[PDB]
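Below: one structure, written as structure tokens.
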Amino acid sequence: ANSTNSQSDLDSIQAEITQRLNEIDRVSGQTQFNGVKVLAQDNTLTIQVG
Amino acid sequence: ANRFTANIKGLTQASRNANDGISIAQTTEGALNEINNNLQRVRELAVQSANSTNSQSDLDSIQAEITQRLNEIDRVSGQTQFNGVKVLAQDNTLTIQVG
Amino acid sequence: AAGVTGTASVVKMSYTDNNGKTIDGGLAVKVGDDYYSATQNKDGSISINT
Numbered sequence: 100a101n102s103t104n105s106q107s108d109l110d111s112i113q114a115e116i117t118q119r120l121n122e123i124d125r126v127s128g129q130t131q132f133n134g135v136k137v138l139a140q141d142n143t144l145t146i147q148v149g
Numbered sequence: 051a052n053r054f055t056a057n058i059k060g061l062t063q064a065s066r067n068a069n070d071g072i073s074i075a076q077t078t079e080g081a082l083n084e085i086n087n088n089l090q091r092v093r094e095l096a097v098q099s100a101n102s103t104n105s106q107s108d109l110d111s112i113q114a115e116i117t118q119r120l121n122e123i124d125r126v127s128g129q130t131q132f133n134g135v136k137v138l139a140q141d142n143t144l145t146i147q148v149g
Numbered sequence: 298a299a300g301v302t303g304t305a306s307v308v309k310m311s312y313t314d315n316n317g318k319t320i321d322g323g324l325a326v327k328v329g330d331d332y333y334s335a336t337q338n339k340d341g342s343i344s345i346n347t
């Protein structure tokens with residue numbers, strides 16, 4: 100929000116923002132339990148307890 | 051806890067935002083003061099001009115002094131800057147989030 | 298081939314910021330308000346990057 104920023108500094112910050120977002124996507128895609136992409140799709144997993 | 055943490059970080063950032071705003075304001079005020087200093091002193095010569103007894107050589111000399119001060123005003127206005135920003139060099143509105 | 302309609306010419310890029318600072322880049326091709334990054338052929342002709 101700092102209007103003092105020049106376009107160069109704005110791009111500097113944009114760079115880290117983009118990198119962090121892409122890292123979020125990376126972790127979401129790559130996380131998995133025994134192959135279950137626990138962060139790649141809405142799901143409902145069954146666990147018999149009785 | 052997450053909500054309060056986010057609020058804390060945002061307020062912290064607003065801190066430095068206000069700090070830079072104050073910095074630019076003070077730079078502006080200092081430049082303003084110097085130009086005022088270099089302006090009223092010139093108006094003094096202008097008033098001196100009014101005397102009828104002056105010879106036109108003296109009138110041109112006083113013109114030279116006034117022009118020197120105008121050049122100095124322009125030079126100082128150009129010099130005045132902050133973090134690559136020239137406050138007196140252009141009309142502008144600057145927005146500093148504080149929330 | 299792309300169907301771009303208008304005059305084709307080679308221009309050099311200049312950018313200015315809110316500070317008033319200015320910079321210049323390489324070469325490009327301008328059709329109306331559009332632009333395309335350009336590369337120099339060794340003979341002096343120009344090509345569009347893809």
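For the record, the sequence lines run as chains R, Y and P. Going by the deposited numbering, the first sequence opens with residue 100, and the numbers climb by one from there. Going by the deposited numbering, the second sequence opens with residue 51, and the numbers climb by one from there. Going by the deposited numbering, the third sequence opens with residue 298, and the numbers climb by one from there. Think of the CB as a built atom: it goes at the ideal place given N, C-alpha and C, for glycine as much as any other residue.
message: Once the 5 residues before and after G149(Y) are set aside, which same chain residues still bring their CB inside 7 angstroms of it?
response: The sequence position of residue 149(Y) within the second sequence is 99, counting from 1. Counting only Cβ-Cβ distances below 7 angstroms, and skipping sequence neighbours, we find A64.
- request: Please compile the residues from chain Y whose C-beta is within a distance smaller than 9 angstroms of the C-beta of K318(P).
  value: Against the third sequence, residue 318(P) aligns to sequence position 21. The answer, in chain order, is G134.
message: Looking only at its chain, what residues have a beta carbon closer than 7 angstroms to the beta carbon of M310(P), apart from the 5 residues adjacent to it on each side?
response: For the purposes of this step, residue 310(P) is taken as the residue at position 13 of the third sequence. Cβ neighbours of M310(P) beyond the five flanking positions: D321, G322, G323, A325.
message: At the level of alpha carbons, what is the spacing between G71(Y) and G80(Y)?
response: On the second sequence, position 21 is the one that residue 71(Y) refers to. On the second sequence, position 30 is the one that residue 80(Y) refers to. For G71(Y) and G80(Y), the distance between alpha carbons rounds to 14 angstroms.
From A305(P), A299(P), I345(P), residue whose alpha carbon lies closest to that of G329(P): Working through the third sequence from its first residue, we reach residue 329(P) at position 32. It is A305(P) whose Cα lies nearest to the Cα of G329(P).
Buried versus exposed call for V301(P) [16 or more other C-beta atoms within 10 Å across all chains shown]: As a position in the third sequence, residue 301(P) is number 4, starting the count at 1. With fewer than 16 other Cβ atoms within 10 Å, it is exposed.
query: At a Cβ cut of 7 angstroms, what residues of the segment 104–121 of chain R count as close to chain Y, listed as they run along the chain?
result: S105
- prompt: Which one of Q106(R), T103(R), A139(R) has the shortest CA to CA distance from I123(R)?
  reply: As a working mapping, residue 123(R) is identified with position 24 in the first sequence. It is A139(R).
- prompt: Is any beta-carbon of chain P found at less than 8 angstroms from that of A139(Y)?
  reply: What you label residue 139(Y) is simply residue 89 of the second sequence in a count that begins at 1. With 8 angstroms as the cut-off, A139(Y) counts as an interface residue toward chain P.
field: Presumed contact (8 angstroms Cβ cut-off) between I85(Y) and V135(Y), rounded CB distance
entry: Looking up residue 85(Y) in the second sequence gives position 35. Looking up residue 135(Y) in the second sequence gives position 85. Not confirmed; about 17 angstroms, so no contact.
message: Based on DSSP bridge pairs, tell me the residues matched to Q337(P).
response: Your numbering for residue 337(P) matches position 40 in the third sequence. Per DSSP, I343(P).
- request: Name the residue from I112(Y), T145(Y), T117(Y), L144(Y) whose alpha carbon lies nearest to the alpha carbon of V97(Y).
  value: In the second sequence, the residue the question calls residue 97(Y) occupies position 47. Answer by Cα proximity: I112(Y).
query: Can you name the residues that DSSP bridges to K309(P)?
result: Here residue 309(P) corresponds to residue number 12 of the third sequence, with the count starting at 1. Note: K309(P) sits in a beta bridge opposite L324(P).
message: According to DSSP, is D141(Y) part of a helix, a strand, or is it coil?
response: Your numbering for residue 141(Y) matches position 91 in the second sequence. It is coil, neither helix nor strand.
field: Residues near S127(R) by beta carbon distance below 8 angstroms, same chain, minus five either side
entry: Translated into positions along the first sequence, residue 127(R) becomes position 28. Hits under 8 angstroms: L138, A139.
Beta-carbon proximity check, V307(P) vs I343(P), cutoff 8 angstroms: For the purposes of this step, residue 307(P) is identified with residue 10 of the third sequence, where counting begins at 1. For the purposes of this step, residue 343(P) is identified with residue 46 of the third sequence, where counting begins at 1. The answer is yes: Cβ separation under 8 angstroms.
query: Using the beta-carbon count (16 or more within 10 Å), is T130(Y) buried or exposed?
result: In the second sequence, the residue the question calls residue 130(Y) occupies position 80. Counting Cβ neighbours within 10 Å, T130(Y) comes out buried, since at least 16 surround it.
message: Quick check on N101(R) - is its C-beta less than 8 angstroms from some C-beta in chain Y?
response: Start at 1 with the first residue of the first sequence, and residue 101(R) comes out as number 2. Taking Cβ atoms only, chain Y reaches closer than 8 angstroms to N101(R), which makes this a yes.
Delimiting residues of the alpha helix (DSSP H) encompassing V135(R): The count along the first sequence starts at 1 and reaches residue 135(R) at position 36. Here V135(R) belongs to no alpha helix (DSSP H), and DSSP marks it neither H nor E.
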